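Data first, discussion second: the structure below is written as structure tokens.
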Amino acid sequence: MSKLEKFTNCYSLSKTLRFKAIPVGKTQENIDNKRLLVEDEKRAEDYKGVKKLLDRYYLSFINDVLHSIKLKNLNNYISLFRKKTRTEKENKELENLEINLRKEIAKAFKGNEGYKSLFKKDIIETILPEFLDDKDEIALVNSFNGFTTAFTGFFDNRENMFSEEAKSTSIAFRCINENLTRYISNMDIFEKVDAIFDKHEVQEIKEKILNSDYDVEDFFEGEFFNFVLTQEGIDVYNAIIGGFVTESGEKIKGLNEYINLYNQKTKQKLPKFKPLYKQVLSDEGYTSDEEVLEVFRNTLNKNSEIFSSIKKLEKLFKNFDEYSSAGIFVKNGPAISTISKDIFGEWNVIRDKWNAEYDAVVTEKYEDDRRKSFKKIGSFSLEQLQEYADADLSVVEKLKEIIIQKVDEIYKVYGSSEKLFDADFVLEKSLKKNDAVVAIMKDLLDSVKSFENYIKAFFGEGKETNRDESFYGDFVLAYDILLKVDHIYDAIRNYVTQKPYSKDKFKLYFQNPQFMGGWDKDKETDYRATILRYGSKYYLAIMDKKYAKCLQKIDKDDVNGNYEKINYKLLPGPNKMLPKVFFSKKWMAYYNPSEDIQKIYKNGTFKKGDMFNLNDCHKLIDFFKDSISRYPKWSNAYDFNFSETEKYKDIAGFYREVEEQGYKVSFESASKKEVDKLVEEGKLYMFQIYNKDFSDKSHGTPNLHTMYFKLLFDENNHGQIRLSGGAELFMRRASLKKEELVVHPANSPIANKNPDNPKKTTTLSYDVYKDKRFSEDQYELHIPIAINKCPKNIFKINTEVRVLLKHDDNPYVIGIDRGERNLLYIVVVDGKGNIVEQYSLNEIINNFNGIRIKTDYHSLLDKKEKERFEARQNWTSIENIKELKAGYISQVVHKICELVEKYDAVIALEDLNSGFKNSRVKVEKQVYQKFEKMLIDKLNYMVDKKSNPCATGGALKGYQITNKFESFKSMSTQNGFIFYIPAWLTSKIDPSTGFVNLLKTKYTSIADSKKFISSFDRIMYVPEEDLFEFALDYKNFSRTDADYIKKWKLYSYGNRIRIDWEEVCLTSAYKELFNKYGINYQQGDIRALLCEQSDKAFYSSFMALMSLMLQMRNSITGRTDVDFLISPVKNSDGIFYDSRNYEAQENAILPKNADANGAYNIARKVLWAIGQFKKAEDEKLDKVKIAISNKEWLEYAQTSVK
RNA sequence: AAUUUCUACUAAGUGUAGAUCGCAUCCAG
DNA sequence: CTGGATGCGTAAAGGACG
DNA sequence: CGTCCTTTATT
Ligand SMILES: [Mg+2]
């Protein structure tokens, strides 16, 4: 009984193995003399070119077929599409109609005579040259005759367009699922908005745009859709909506603009047309220090056009008073928070002064319709914002001082940069070497980018009642010039942040269009590439075109050394292969196949479905079984051993046995003397398939991919991992010069970087070079493998994880959470919620031999954040930090995998589509998304390198506890062993009681502060404890639906940390507050006395004292020692929860700090969901919904503690 | 600071530890 | 540019060409 | 013929 070991051999998946290919002997010499690499480097260039010309014809072919087309179902479909109350049968109707619509478009394409030619040899030899009218381009296409097969891959990518399936890549799908669906929505909107378009306004568009061949109304009748299948039609349709610009240049207004005026001017909100997407084929970064520099000077010198539009926006905003403050608007969003702060000094005072009208009891259904109508508003006028501005304070004047301040900042930064704009300037050093220069370009770009990103607030997305077009005329003119800095900012950053070496490579073919197609022994002379072994070394051996068969003559050499030559036999895809061979002109003539059998095949009775006869299919199988035996190229390759034919449920049952039997990999001896001569003579080329684990100097643990690669040829690997074909060989030209490499000169000591390494220094007898691998041309070889090609353990992984979980008695849960002090914190939990382990992942501990050496990745991040502060916020340090986090998580994966294996444990992770990230946490959402993706990926085939490959857990019996990754949005609910959970109420919650603080203690009014103090059942001093007790029933406060217990007794126990920061003893600070106002707190219930008091500074000291008692988390920033979590509520046994009582302990039973509490409670939510699985019938486990609500959660946390 | 590649390294001396699905294509803001 | 999605990860029939 | 490039078959 293990959950894990039920999950081996579940599904098949592809991986690519990558290797340096090192030439051997004369190989590189012979390759240089024959000038082969040049030919390839050119070919790749020319190939990209021809693909574009090919596309040109493809694009012409598509318009021909789309123009012609006339869709049949249309009206009928649109109508059913529109029905808002469809019986399920009617939704199936609607699908069949949508399928038929797509099949119409597909059949329109594939039914040409022209179609089969597009992806055959013919398109390059004859069609494209006739089509083209340039002599150069025709020469390019001509260069590829006898090399058509190299286009197959591209051909497959273009085929996806002509599909009828509902797939992103399809033309049908783009027409029927995306563009038709929009057209229909626009019809809907049109009949609502039809009348407002002025009689005159419409006739404009029919002449200026439509050219008087169709009426504007035509474009909103269903039956007229066919017109907008083509990119041309779409260009028209979108022009009607967006507006056009004629040959003359006269602006012509579009329907969507007219609507904008009407809804603006009458303070209304009618809807607007969506434009149609483009059709599927219709129509880069900076490459050198000089090009980057040149752009910086040309777009941003003092007489560039962007600088001109700054000078104009200075004059416009200097004249801010001269304009109407009721027709100037500020878009709603982040810019409202910012501009609120800029002029009041307060983020949420502008929030308040429209809360001043809207604002007293708060049911959350009224609080959402509160908080939502809020978000509905589009913008605010300078008049409305002055309606909020207390008298004596001019909103327009202080805005003028802020905007004008930002342009003086730009001009000041221009004078510090002036020498970069001299026509006389030349660059001393490379930019990545020249920090001075880049920081000069950054500083200017920033100040321009902040001015730009600030000013952008003055839009209002309007859609806006009468706008000061005297202001927006000059503003829009000049802002559209200013927004060009955006592109220029990105591309110049992306450049400085790039690496100094390039990975640019190109594909080698060795003059063979199907080069290295597959490893099959028979196809070995066609592909001209095979694999050799000698001892622990593996080589790629490539026959030269003029000596294809040169390896076929070589015999085993008894006396001398021998190579091992691979002997590989694959039957690829019996469902594809078995028919082609046995119904081929060649074989069909040899083997009379009865009219039954060809009927069965032509008819399709063997294929499951309604046409299926188990007997017909059974007869086809014995046809295939005899032919295979009459076909000795298979029957003698694979010792075939089929199941008795009566036992097959379907054809796929037989095929699956062929597929698994039809793979064999062995080795043959081949004379090492004879093969080496071939290489010298230039008849064979030889590369060692190499990575660092094959070095004579390597010791200790190989890369996982080395192990996979070796296991391919191991006799304990029985198909678990197949060597696939379609490997590629590439040359990556060097991108660095040895002389310009950083060298650590031999025999001088080098300073070690890791503070936790005892050894502070290493001295080597040899030189070591930074980025050495890129100072040299490198061959790289990519080998695709096939894991679990024939899976036996077929079941839906999640349903199986739910069954095992339900019937598992003590299910363990690894909870992972992101901390502020801790990059990641781990809490392992048992089936009853006892903390088994709990620790931080700030330090990664690497083990080699019996030694351990830890690397504190929290120290590393802290030092790279300091280095970010020094040198402003340099572009690169941001990247270094991004990459460092990116590598951190790949250490963490290993640890999580260990925990899974050790505890047979499910994983509880944060759902990143629902929750809200606090940004106190170091590992931002983006990086964590990457981590959850990596985790899914590893667990498709989770292996322990250090295990025996044949053991479960090993490289041949990898655990498959995760379904193949799809999309970030799909990282929700559950994926096998990984459960995604909302982080709500996982941190700030008493792990000992389930208590959370559902009170709002923000002070507003003296009256509000009274109703609060009266809503408590009791407020008293307790002398025998020296504590103030605040008994409540959450019934009496608003927004407390989620709590389950409801009646709590708060105490002012222990201290808190107010936020600079002061420690506050709670008990004595209440005494202090009450004594300040002559309140006798010892007199039983005190609630009347506090409400008797009439001083507002009493209530705000009290609400602040309530805030502190309910702030369970207390933290001092920079002080990693002080992250304590302390409860105001007593548990079953009348003890308060204080986290520090457990951080002390070595094996604690409750969370040791705030971060620990986070992880713990995320793992408990999974425990709740396992609770649900145990409540459900086995058959209905699929149906159980995992998403735990706040209401369900608080119930679980408040009842499970006991 | 060496790498199929990436991060962290120097890990006891040309390397250590973990990770590592390639290639092509299309579509989106 | 980076996530979304597509597809290939093949031996053997078949043909052009000298 | 041979040899090299192209095309084929799909649960
Ligand atoms: Mg290693």
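The way I read the labels, and the way they are meant: chains A, B, ... in the order of the structure tokens, residue 1 as the first residue of every chain, and ligand 1 as the first ligand shown, with later ones counted on from there.
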
- Tell me, as a PyMOL selection string, which residues lie within 8 Å of residue 2 in chain B, counting only C-alpha atoms (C1' of nucleotides); anything in the same chain fewer than 5 positions away does not count. (chain A and resi 768-772) or (chain B and resi 14-15)

- What are the DSSP helix (DSSP H, G or I) residues of range 892-991 of chain A, as a PyMOL selection string? chain A and resi 892-903+925-938+968-970

Hey, can you spit out that residue selection with N, CA and C atoms as a compact mmCIF listing (two decimals), in the first residue's frame?
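Here's the written file out36.txt:
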# COMPACT_ATOMS: atom_id res chain seq x y z
N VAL A 892 14.13 23.93 -5.74
CA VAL A 892 12.99 23.62 -4.88
C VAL A 892 12.24 22.41 -5.40
N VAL A 893 12.15 22.27 -6.73
CA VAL A 893 11.43 21.14 -7.31
C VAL A 893 11.97 19.85 -6.73
N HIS A 894 13.29 19.71 -6.74
CA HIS A 894 13.90 18.52 -6.19
C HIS A 894 13.45 18.28 -4.75
N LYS A 895 13.37 19.34 -3.94
CA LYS A 895 13.00 19.14 -2.54
C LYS A 895 11.56 18.66 -2.42
N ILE A 896 10.64 19.34 -3.11
CA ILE A 896 9.24 18.93 -3.13
C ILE A 896 9.10 17.48 -3.59
N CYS A 897 9.85 17.09 -4.62
CA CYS A 897 9.77 15.71 -5.09
C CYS A 897 10.22 14.76 -4.01
N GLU A 898 11.27 15.13 -3.29
CA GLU A 898 11.69 14.31 -2.18
C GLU A 898 10.57 14.16 -1.17
N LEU A 899 9.96 15.29 -0.76
CA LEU A 899 8.88 15.23 0.23
C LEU A 899 7.74 14.34 -0.24
N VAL A 900 7.31 14.51 -1.50
CA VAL A 900 6.29 13.64 -2.07
C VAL A 900 6.66 12.19 -1.89
N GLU A 901 7.87 11.82 -2.30
CA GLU A 901 8.25 10.42 -2.23
C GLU A 901 8.35 9.95 -0.79
N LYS A 902 8.89 10.79 0.10
CA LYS A 902 9.13 10.37 1.48
C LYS A 902 7.82 10.12 2.22
N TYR A 903 6.84 10.97 2.00
CA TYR A 903 5.59 10.91 2.73
C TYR A 903 4.43 10.39 1.91
N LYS A 925 4.20 36.65 -8.34
CA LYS A 925 3.30 35.73 -9.04
C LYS A 925 3.92 35.16 -10.30
N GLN A 926 4.60 36.00 -11.08
CA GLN A 926 5.11 35.52 -12.36
C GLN A 926 6.07 34.36 -12.16
N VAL A 927 7.01 34.50 -11.23
CA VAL A 927 7.99 33.46 -10.96
C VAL A 927 7.33 32.23 -10.36
N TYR A 928 6.35 32.44 -9.49
CA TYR A 928 5.65 31.30 -8.91
C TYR A 928 4.83 30.53 -9.94
N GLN A 929 4.24 31.24 -10.91
CA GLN A 929 3.57 30.54 -12.00
C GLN A 929 4.54 29.61 -12.69
N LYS A 930 5.75 30.11 -12.93
CA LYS A 930 6.80 29.32 -13.54
C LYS A 930 7.10 28.11 -12.67
N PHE A 931 7.17 28.30 -11.35
CA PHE A 931 7.41 27.18 -10.44
C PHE A 931 6.29 26.15 -10.49
N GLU A 932 5.03 26.59 -10.46
CA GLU A 932 3.95 25.60 -10.56
C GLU A 932 3.99 24.86 -11.90
N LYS A 933 4.39 25.55 -12.98
CA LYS A 933 4.55 24.87 -14.26
C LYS A 933 5.67 23.84 -14.19
N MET A 934 6.83 24.24 -13.65
CA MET A 934 7.92 23.28 -13.50
C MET A 934 7.48 22.08 -12.68
N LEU A 935 6.73 22.32 -11.61
CA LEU A 935 6.33 21.22 -10.73
C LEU A 935 5.44 20.22 -11.47
N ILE A 936 4.38 20.71 -12.13
CA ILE A 936 3.56 19.86 -13.01
C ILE A 936 4.45 19.04 -13.93
N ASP A 937 5.33 19.73 -14.66
CA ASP A 937 6.19 19.09 -15.65
C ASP A 937 7.03 17.99 -15.04
N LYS A 938 7.70 18.26 -13.92
CA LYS A 938 8.55 17.21 -13.36
C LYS A 938 7.72 15.99 -13.01
N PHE A 968 -1.61 28.39 -17.75
CA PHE A 968 -1.64 28.89 -16.39
C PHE A 968 -3.06 28.90 -15.85
N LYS A 969 -4.02 29.38 -16.66
CA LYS A 969 -5.41 29.39 -16.21
C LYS A 969 -5.88 28.01 -15.78
N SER A 970 -5.30 26.95 -16.35
CA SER A 970 -5.69 25.60 -15.98
C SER A 970 -5.05 25.12 -14.68

- Query: Hey, which residues come within 7 Å of ligand 1 if we count only C-alpha atoms (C1' of nucleotides) and all ligand atoms? Could you give them as a list in words?
  - Reply: residues 693, 700, 701, 702 and 703 of chain A; 16 and 17 of chain B

- Task: Specify as a ChimeraX atom specification all residues of chain A found within 7 Å of chain D, counting only C-alpha atoms (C1' of nucleotides).
- Result: /A:146,149,575-577,579-580,651-652

Taking only residues of chain C that have an atom at most 8 Å from an atom of chain A, what is each one's shortest atom pair and its distance in Å to one decimal, using only C-alpha atoms (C1' of nucleotides), in chain and number order, as JSON lines?
{"residue": "C:3", "atom": "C1'", "partner": "A:967", "partner_atom": "CA", "distance": 7.9}
{"residue": "C:4", "atom": "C1'", "partner": "A:967", "partner_atom": "CA", "distance": 7.3}
{"residue": "C:5", "atom": "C1'", "partner": "A:168", "partner_atom": "CA", "distance": 6.0}
{"residue": "C:6", "atom": "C1'", "partner": "A:169", "partner_atom": "CA", "distance": 5.7}
{"residue": "C:7", "atom": "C1'", "partner": "A:157", "partner_atom": "CA", "distance": 6.4}
{"residue": "C:8", "atom": "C1'", "partner": "A:153", "partner_atom": "CA", "distance": 6.6}
{"residue": "C:9", "atom": "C1'", "partner": "A:726", "partner_atom": "CA", "distance": 5.1}
{"residue": "C:10", "atom": "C1'", "partner": "A:572", "partner_atom": "CA", "distance": 5.8}
{"residue": "C:11", "atom": "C1'", "partner": "A:571", "partner_atom": "CA", "distance": 6.9}
{"residue": "C:12", "atom": "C1'", "partner": "A:581", "partner_atom": "CA", "distance": 7.3}
{"residue": "C:13", "atom": "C1'", "partner": "A:584", "partner_atom": "CA", "distance": 7.0}

Determine which residues of chain B sit within 7 Å of chain A, taking into account only C-alpha atoms (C1' of nucleotides), and present them as a PDB file with N, CA, C and O atoms (P, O5', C5', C4', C3', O3' and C1' of nucleotides), in the first residue's frame.
ATOM      1  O5'   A B   1      33.565  33.906 -13.298  1.00  0.00           O
ATOM      2  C5'   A B   1      34.398  33.558 -14.395  1.00  0.00           C
ATOM      3  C4'   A B   1      34.411  32.066 -14.650  1.00  0.00           C
ATOM      4  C3'   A B   1      33.049  31.394 -14.524  1.00  0.00           C
ATOM      5  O3'   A B   1      33.006  30.162 -15.255  1.00  0.00           O
ATOM      6  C1'   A B   1      34.486  30.609 -12.828  1.00  0.00           C
ATOM      7  P     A B   2      31.631  29.684 -15.957  1.00  0.00           P
ATOM      8  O5'   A B   2      32.047  28.378 -16.739  1.00  0.00           O
ATOM      9  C5'   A B   2      32.809  28.517 -17.925  1.00  0.00           C
ATOM     10  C4'   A B   2      33.536  27.260 -18.274  1.00  0.00           C
ATOM     11  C3'   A B   2      32.646  26.029 -18.374  1.00  0.00           C
ATOM     12  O3'   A B   2      33.072  25.249 -19.472  1.00  0.00           O
ATOM     13  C1'   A B   2      34.398  25.625 -16.848  1.00  0.00           C
ATOM     14  P     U B   3      32.158  25.245 -20.760  1.00  0.00           P
ATOM     15  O5'   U B   3      30.899  24.404 -20.263  1.00  0.00           O
ATOM     16  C5'   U B   3      31.010  23.005 -20.016  1.00  0.00           C
ATOM     17  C4'   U B   3      29.685  22.389 -19.641  1.00  0.00           C
ATOM     18  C3'   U B   3      28.520  22.701 -20.566  1.00  0.00           C
ATOM     19  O3'   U B   3      27.627  21.606 -20.507  1.00  0.00           O
ATOM     20  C1'   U B   3      28.015  23.484 -18.422  1.00  0.00           C
ATOM     21  P     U B   4      27.944  20.236 -21.272  1.00  0.00           P
ATOM     22  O5'   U B   4      26.823  20.186 -22.399  1.00  0.00           O
ATOM     23  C5'   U B   4      27.093  20.480 -23.750  1.00  0.00           C
ATOM     24  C4'   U B   4      25.808  20.711 -24.501  1.00  0.00           C
ATOM     25  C3'   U B   4      25.060  21.943 -24.062  1.00  0.00           C
ATOM     26  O3'   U B   4      25.528  23.051 -24.780  1.00  0.00           O
ATOM     27  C1'   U B   4      23.574  20.113 -24.147  1.00  0.00           C
ATOM     28  P     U B   7      22.040  31.366 -16.367  1.00  0.00           P
ATOM     29  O5'   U B   7      21.808  30.990 -14.828  1.00  0.00           O
ATOM     30  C5'   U B   7      20.640  31.431 -14.142  1.00  0.00           C
ATOM     31  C4'   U B   7      20.450  30.757 -12.801  1.00  0.00           C
ATOM     32  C3'   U B   7      21.582  30.879 -11.810  1.00  0.00           C
ATOM     33  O3'   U B   7      21.590  32.113 -11.128  1.00  0.00           O
ATOM     34  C1'   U B   7      20.911  28.633 -11.936  1.00  0.00           C
ATOM     35  P     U B  10      31.543  28.895  -4.339  1.00  0.00           P
ATOM     36  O5'   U B  10      32.407  27.749  -4.999  1.00  0.00           O
ATOM     37  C5'   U B  10      32.427  26.456  -4.416  1.00  0.00           C
ATOM     38  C4'   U B  10      33.499  25.580  -5.018  1.00  0.00           C
ATOM     39  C3'   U B  10      34.919  26.130  -4.931  1.00  0.00           C
ATOM     40  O3'   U B  10      35.809  25.032  -4.840  1.00  0.00           O
ATOM     41  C1'   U B  10      34.380  25.770  -7.174  1.00  0.00           C
ATOM     42  P     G B  13      40.858  16.367  -6.418  1.00  0.00           P
ATOM     43  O5'   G B  13      41.090  16.954  -7.883  1.00  0.00           O
ATOM     44  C5'   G B  13      40.096  16.814  -8.901  1.00  0.00           C
ATOM     45  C4'   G B  13      40.098  17.987  -9.857  1.00  0.00           C
ATOM     46  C3'   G B  13      41.412  18.265 -10.586  1.00  0.00           C
ATOM     47  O3'   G B  13      41.148  18.711 -11.900  1.00  0.00           O
ATOM     48  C1'   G B  13      40.798  20.146  -9.277  1.00  0.00           C
ATOM     49  P     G B  15      35.631  18.503 -17.163  1.00  0.00           P
ATOM     50  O5'   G B  15      35.157  17.533 -16.005  1.00  0.00           O
ATOM     51  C5'   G B  15      34.091  17.901 -15.148  1.00  0.00           C
ATOM     52  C4'   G B  15      34.546  18.137 -13.731  1.00  0.00           C
ATOM     53  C3'   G B  15      33.418  18.282 -12.726  1.00  0.00           C
ATOM     54  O3'   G B  15      32.967  17.037 -12.226  1.00  0.00           O
ATOM     55  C1'   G B  15      34.833  20.138 -12.546  1.00  0.00           C
ATOM     56  P     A B  17      27.549  15.925  -8.120  1.00  0.00           P
ATOM     57  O5'   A B  17      26.478  17.026  -7.684  1.00  0.00           O
ATOM     58  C5'   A B  17      25.990  17.084  -6.360  1.00  0.00           C
ATOM     59  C4'   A B  17      24.820  18.032  -6.241  1.00  0.00           C
ATOM     60  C3'   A B  17      23.666  17.855  -7.218  1.00  0.00           C
ATOM     61  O3'   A B  17      22.759  16.854  -6.816  1.00  0.00           O
ATOM     62  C1'   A B  17      24.254  20.126  -7.106  1.00  0.00           C
ATOM     63  P     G B  18      22.052  15.923  -7.912  1.00  0.00           P
ATOM     64  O5'   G B  18      20.790  16.766  -8.337  1.00  0.00           O
ATOM     65  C5'   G B  18      19.798  17.076  -7.387  1.00  0.00           C
ATOM     66  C4'   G B  18      19.058  18.325  -7.776  1.00  0.00           C
ATOM     67  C3'   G B  18      18.328  18.302  -9.104  1.00  0.00           C
ATOM     68  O3'   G B  18      17.122  17.554  -9.107  1.00  0.00           O
ATOM     69  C1'   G B  18      19.494  20.325  -8.906  1.00  0.00           C
ATOM     70  P     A B  19      16.710  16.809 -10.476  1.00  0.00           P
ATOM     71  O5'   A B  19      16.257  18.034 -11.383  1.00  0.00           O
ATOM     72  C5'   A B  19      15.116  18.814 -11.079  1.00  0.00           C
ATOM     73  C4'   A B  19      15.102  20.051 -11.931  1.00  0.00           C
ATOM     74  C3'   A B  19      14.864  19.843 -13.413  1.00  0.00           C
ATOM     75  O3'   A B  19      13.510  19.712 -13.732  1.00  0.00           O
ATOM     76  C1'   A B  19      16.718  21.239 -13.130  1.00  0.00           C
ATOM     77  P     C B  21      12.315  18.293 -19.777  1.00  0.00           P
ATOM     78  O5'   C B  21      12.056  18.048 -21.324  1.00  0.00           O
ATOM     79  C5'   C B  21      13.123  18.179 -22.256  1.00  0.00           C
ATOM     80  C4'   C B  21      12.746  18.961 -23.493  1.00  0.00           C
ATOM     81  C3'   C B  21      12.097  20.349 -23.289  1.00  0.00           C
ATOM     82  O3'   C B  21      12.690  21.334 -24.145  1.00  0.00           O
ATOM     83  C1'   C B  21      10.866  19.069 -24.851  1.00  0.00           C
ATOM     84  P     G B  22      14.198  21.859 -23.956  1.00  0.00           P
ATOM     85  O5'   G B  22      14.819  21.608 -25.391  1.00  0.00           O
ATOM     86  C5'   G B  22      14.178  22.162 -26.523  1.00  0.00           C
ATOM     87  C4'   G B  22      14.500  21.402 -27.775  1.00  0.00           C
ATOM     88  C3'   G B  22      14.228  22.155 -29.058  1.00  0.00           C
ATOM     89  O3'   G B  22      15.381  22.868 -29.392  1.00  0.00           O
ATOM     90  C1'   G B  22      13.260  20.023 -29.181  1.00  0.00           C
ATOM     91  P     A B  24      13.387  26.192 -35.288  1.00  0.00           P
ATOM     92  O5'   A B  24      11.903  26.210 -35.850  1.00  0.00           O
ATOM     93  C5'   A B  24      11.734  26.034 -37.247  1.00  0.00           C
ATOM     94  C4'   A B  24      10.408  25.444 -37.632  1.00  0.00           C
ATOM     95  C3'   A B  24       9.239  26.387 -37.586  1.00  0.00           C
ATOM     96  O3'   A B  24       9.231  27.241 -38.696  1.00  0.00           O
ATOM     97  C1'   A B  24       8.609  24.320 -36.659  1.00  0.00           C
ATOM     98  P     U B  25       8.937  28.796 -38.473  1.00  0.00           P
ATOM     99  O5'   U B  25       7.346  28.771 -38.402  1.00  0.00           O
ATOM    100  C5'   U B  25       6.659  27.943 -39.330  1.00  0.00           C
ATOM    101  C4'   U B  25       5.200  27.795 -39.013  1.00  0.00           C
ATOM    102  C3'   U B  25       4.474  29.016 -38.466  1.00  0.00           C
ATOM    103  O3'   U B  25       4.127  29.948 -39.475  1.00  0.00           O
ATOM    104  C1'   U B  25       3.889  27.119 -37.214  1.00  0.00           C
ATOM    105  P     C B  26       3.828  31.484 -39.110  1.00  0.00           P
ATOM    106  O5'   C B  26       2.358  31.477 -38.520  1.00  0.00           O
ATOM    107  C5'   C B  26       1.263  31.018 -39.286  1.00  0.00           C
ATOM    108  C4'   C B  26       0.064  30.807 -38.398  1.00  0.00           C
ATOM    109  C3'   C B  26      -0.362  32.004 -37.560  1.00  0.00           C
ATOM    110  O3'   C B  26      -1.156  32.934 -38.267  1.00  0.00           O
ATOM    111  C1'   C B  26      -0.225  30.111 -36.176  1.00  0.00           C
ATOM    112  P     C B  27      -1.277  34.452 -37.758  1.00  0.00           P
ATOM    113  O5'   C B  27      -2.075  34.296 -36.400  1.00  0.00           O
ATOM    114  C5'   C B  27      -3.408  33.826 -36.391  1.00  0.00           C
ATOM    115  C4'   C B  27      -3.949  33.871 -34.991  1.00  0.00           C
ATOM    116  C3'   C B  27      -3.798  35.216 -34.314  1.00  0.00           C
ATOM    117  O3'   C B  27      -4.834  36.083 -34.722  1.00  0.00           O
ATOM    118  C1'   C B  27      -3.038  33.523 -32.862  1.00  0.00           C
TER     119        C B  27
END

- Just the residues within 8 Å of residue 777 in chain A, please, counting only C-alpha atoms (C1' of nucleotides), with nothing from its chain fewer than 5 positions along; format it as a PyMOL selection string. chain A and resi 731-734

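Here CA of residue 456 in chain A and CA of residue 345 in chain A stand 20.4 Å from one another.
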
- Task: Write out as JSON, numbers by chain all residues of range 976-1151 of chain A that backbone DSSP assigns to strand (DSSP E or B).
- Result: {"A": [978, 979, 980, 981, 1018, 1019, 1020, 1021, 1022, 1027, 1028, 1029, 1030, 1031, 1032, 1033, 1047, 1048, 1049, 1050, 1051, 1055, 1056, 1057, 1058, 1062, 1063, 1064, 1065, 1085, 1113, 1114, 1115, 1116, 1119, 1120, 1121, 1122, 1123, 1124, 1125, 1126, 1127, 1128, 1129, 1130, 1136, 1137, 1138]}

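In this structure, CA of residue 794 in chain A sits 7.4 Å away from CA of residue 11 in chain A.
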